[PDB]
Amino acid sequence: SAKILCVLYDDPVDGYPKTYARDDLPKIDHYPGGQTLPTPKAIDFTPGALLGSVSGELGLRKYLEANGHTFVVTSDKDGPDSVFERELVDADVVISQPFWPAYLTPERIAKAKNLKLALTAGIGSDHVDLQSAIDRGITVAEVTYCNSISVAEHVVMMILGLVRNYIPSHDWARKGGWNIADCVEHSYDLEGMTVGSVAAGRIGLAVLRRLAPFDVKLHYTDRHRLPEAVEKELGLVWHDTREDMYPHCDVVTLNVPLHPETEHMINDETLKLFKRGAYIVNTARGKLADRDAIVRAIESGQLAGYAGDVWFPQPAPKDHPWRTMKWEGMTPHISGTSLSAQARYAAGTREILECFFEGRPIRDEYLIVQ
């Protein structure tokens, strides 16, 4: 009855795996704060499978095709002559992940005569023009909270790796070296350091909770201030402005969206507020940081480390300078598409498709516009 158009990233270069490292995933009832994890009526995958690549199909093909539907899955999403744009003109449902996002521009939404549901397998909607969606009666939905914890682990990983000098030290072991002084001449303990978070939110609070037993001093800024009880339980020190926070911090982690007042918020002028040898971890948006200002800060020693999984442009060009600068701890944009996060937003994708196709309401927390 319906045509479903689903954009996913490519399979591994060796091919889609047949077996995985483990047999299942740890059970979890809820997210911090009580939101229950996705609750489809069933799933047709084993949790832990690769669901976000083209062959994983978010485990939706059996359920969709048993019910008469057409299911189109592709990674060709860019430009007007992509499989996505061409297939889009009679698609009823569009599904993509933020890690390989199918943009629903105003022009593309106007091309899509049949579009009814725009589904983010993942979190957020800024690949969708919401006004155009509202004007066309298109519902936009997301699997809220599905990877906030995944990102938060990635951050703490990266903070430890930068402070302790993990990546270069590992390079000496893999290369057949030893070179103890070479490893540790840039290696510190995190204990006693001051970590500052720009924005709490789901990711920022999870990061702070996870840093707390490392005996760091915890500072943060946000637009609104955490409840007094949360601040006292975690020893949080509040700042009205990030510029007031920066001079206190050995580590600064960024958790804000990209807006006109956050674009290039880390630049040559604001980096002068940071302690010599400060560390920055950025899992939010690549353009929070002036690309070349970061390179210059690493080169001068204003920063002793930079790490994150977001770039600009994204995907990063092959010669993007953050790839090979000193004291980098980068990964590709992956933190929110760990296999654990995939199981949850695949499950949430199916749950929304079920509510949608059966005419039942979609969870309020999932709905962006309707």
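One-based numbering along the sequence shown.
Relative to one another, 202 to 210 and 84 to 92 have unequal mean CA B-factors, and 84 to 92 is the one with the higher figure. Higher mean CA B-factor, judged across 228 to 236 and 249 to 257 from the recorded values: 228 to 236.
Within the selection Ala110, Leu190, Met157, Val281, the deposited Cα B-factor values reach their highest point at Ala110. The residue among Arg174, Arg164, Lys217, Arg136 whose C-alpha atom has the highest B-factor in the PDB entry is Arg136. Sorting the modelled residues of the chain by their CA temperature factor places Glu57 in the middle third.
When the modelled residues of the chain are ordered by their C-alpha B factor, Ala141 lands in the middle third.
When the CA B factors of the chain's modelled residues are split into thirds, the value for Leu5 lands in the middle one.
When the modelled residues of the chain are ordered by C-alpha B-factor, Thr105 sits in the middle third.
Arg242: CA B factor in the highest third of modelled residues in this chain (values from the PDB entry).
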